[PDB]
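1. all I have is the shape, not the residue letters:
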């Protein structure tokens, strides 16, 4: 149907906008602390602590499969990256501190992404 095509075009355009959002959030992580999944070889207990691991490469796979239907879904995954790190790592660590800085900086980006998603529809 033409209606199905129109919905697919909307999803594609959202995907474009989330790609640009993702690039901008990842730039706020120049150390690349959040770039890849935590290694279970190197942190064998990780899944005892963290139930839903998340990282930028995993978000990028989901994104390229057009797997985010709305901005809320994408934000959930971004929040997991931050929130997982802030639980596993102590306040005095470079990891936790990097998460705090990503959250704070990412906030700015997400604020305008929400307006753009609403605005363009």
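-> It's in. Numbers count the residues shown, from 1 in each chain.
2. if you count residues, where's the longest helix of the protein?
-> Identified as the longest helix of the chain according to DSSP state H is helix 94-120.
3. can you pull out the strands in this structure?
-> In the chain, no strands are found when defined by DSSP state E.
4. okay, which residue is most central for it?
-> Closest to where the C-alpha atoms of the chain average out (Cα atoms, centre = their mean) is residue 78, at 3.0 Å.
5. wait, it sits on residue 58?
-> No - between residue 78 and residue 58 there is no contact, the gap being 11.3 Å when judged by Cβ atoms under 8 Å. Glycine gets a C-beta too; all of them are placed from N, C-alpha and C.
6. list the contacts of the residue nearest to the centre of the chain.
-> Neighbour list for residue 78: 25, 54, 59, 106, 110 [criterion: Cβ atoms under 8 Å, 6 or more residues apart in numbering].
7. where do the helices sit along this protein?
-> Under DSSP H, the chain gives helices at 2-26, 46-49, 56-64, 71-88, 94-120.
8. any idea how far the residue nearest to the centre of the chain is from residue 103?
-> 9 Å (Cβ to Cβ, to the nearest Å).
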